[PDB]
């Protein structure tokens, strides 16, 4: 339905490179699971949804936001939704209304944890 479970390991990898949401869904829910065993302080992961172009900018400010802010600038308008930073063996969840998808533009989910957005990034889209 409107649910998706994504994973992140000690190798800085997501088990998905693209997420698809069903148009019928009014609100979508994403679940993150850290399958590694390294502490969040050393190898934490999170998921940040934002317009493909805003990715880098968001990740940069998120880095300045710090861990206490889940590596995401507070009140950031460029972020559609984001999860909390979890450590090995931990899991988080995020639910956001799908009634905000800039028609014609691309969206991408990534990890704002310092230096991780490099590989841990994908393409989230609406429809089929």
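Numbering follows the first chain given and starts at 1.
- For the pair 91-99 and 39-47, the mean B factor over Cα atoms is greater in 91-99.
- Look at the mean CA B-factor for 62-70 and for 23-31 in the entry; the higher one is 23-31.
- Placement of the Cα temperature factor of residue 107 within the chain: highest third of the modelled residues, per the deposited record.
- When all modelled residues of the chain are sorted by CA temperature factor, residue 83 is found within the lowest third.
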